[PDB]
């Protein structure tokens, strides 16, 4: 269709304003081609010319499916812009029109509507909730209502999955509770599909849903997806592991019962790998996830011990991206505040002291508080054993004292005060 290549906006207005349906189609296609060029589509020039209302209008032309598709694609690309550009589409009444197109007999047109609705809901809470109020969920879910997902076109299924994930996205406020319940069963089904992109996006959706109040985590865990998530956690593809780890990590921020679900699922066996993972970010979120587990019950802190994960924490505390090291500090402080004397002793035997002292030289008052704090916990445990002195030496040996004393003259009241106490109570 070489005729509709690189038209001027004024020519496009000319064709759309003509009273010829075919002319309108050619002009709409040309607009779509401008909006689809590899670099900088003239989204604002198109909006300024007042073309949105026309395009939205062509969405309803059941008798001319070709113009439905062209305007649907044009509107989609406009909607992929800034909030203001996305708003211009919503303002034109595109939401209900796109929902009606979801039932189109033409797969490519229905898919376009799915894409567009995905861009609209992806702008944030307000438009997401507006899409939901217009009743987009039923039609969307109905498109996946087939015996076997594998008979659906791959590109088509990735699109639906992605759009559903956006309906599950954002937090202030979180998606409507009944909307999440409606979507979850399908999300669970997509989580078992064989396509890597479907899996990744499904995990992201589950990660958005588990990112909030423990009641939200509950409705997700209630579906029994933790085992599948743990499995996806051991996936070869980084794009699947990242979202899986996020979901698992969010779940352990909940109650001890919910945390126990991932432990029972066998998640801890994967961490030796995650804690030494080549990507700093997988390594950081893994340590963060570990920190919320050591913040659990002692029987849970023991499972962390039994899987031999303390040594991995010592390693991350010893050498890692600083952010990860900071998450390691927390994991340790949590372990020491809730652990038994035996578990805290074990932590020391694994060699946690030296790497913990070296991190006292970090320019970050918060981590410094967290560390010093952990030290206090450990001494406290050594006191109940009359071995407070053996601990002091050890801290001296590696140069911990020569740093706790220096912090004693820090400018943060939390720090120096915490320092003083230690020195004047243990050194």
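Positions refer to the first chain, counted from 1.
Relative to one another, 278-286 and 163-171 have unequal mean CA B-factors, and 278-286 is the one with the higher figure. A summary of the deposited B-factors shows that, of 289-297 and 112-120, the stretch with the larger mean C-alpha value is 289-297. Out of 192, 133, 231, 223, the entry records its largest CA B-factor for 223. Between the residues 249, 213, 315, 272, the entry's highest C-alpha temperature factor is the one at 213. The PDB entry assigns residue 367 a C-alpha temperature factor belonging to the highest third of its chain's modelled residues. Ranked by C-alpha B-factor against the other modelled residues of its chain, residue 201 falls in the lowest third. Residue-level temperature factors show residue 349 in the middle third of its chain, judged at the C-alpha atom.
When the modelled residues of the chain are ordered by C-alpha B-factor, residue 393 sits in the highest third. Among the modelled residues of its chain, residue 208 has a C-alpha B-factor that falls in the lowest third, as given in the PDB entry.
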